[PDB]
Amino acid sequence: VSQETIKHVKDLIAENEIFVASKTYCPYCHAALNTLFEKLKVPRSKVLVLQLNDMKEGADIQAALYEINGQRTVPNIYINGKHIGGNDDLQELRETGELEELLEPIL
């Protein structure tokens, strides 16, 4: 995986208040996106959702995200440039009452 690809993924993570790498058929991605837009009412203009399976760079992006954060699955969620993880990770922050503070500066 190229150095330039890593930098491109870093850039997209920093230029967007929430970053989700997803796949259109992944039910975990549907759960996470549903939580974000529908339950937590996060404006869509604040979220970059990349459906990697619908994109040329799909595979390079996922591999780049492994190099960056060690995660290999989707959804791969960043909030305010901070690495969240998958849907389990997102749902867990809700259950510990800790997600609310990460969303403040954003929402």
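The numbering used is simple: start at 1 and walk along the sequence shown.
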Select between 72-80 and 35-43 the stretch whose C-alpha atoms have the higher average B-factor in the entry. 35-43
In the PDB record, does 22-30 or 63-71 carry the higher mean Cα temperature factor? 63-71
The third of the chain into which the C-alpha temperature factor of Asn87 falls is the lowest
Which third, lowest, middle or highest, does the CA B-factor of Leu93 fall in along this chain? middle
Please place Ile13 in the lowest, middle or highest third of its chain by C-alpha B factor as given in the entry. lowest
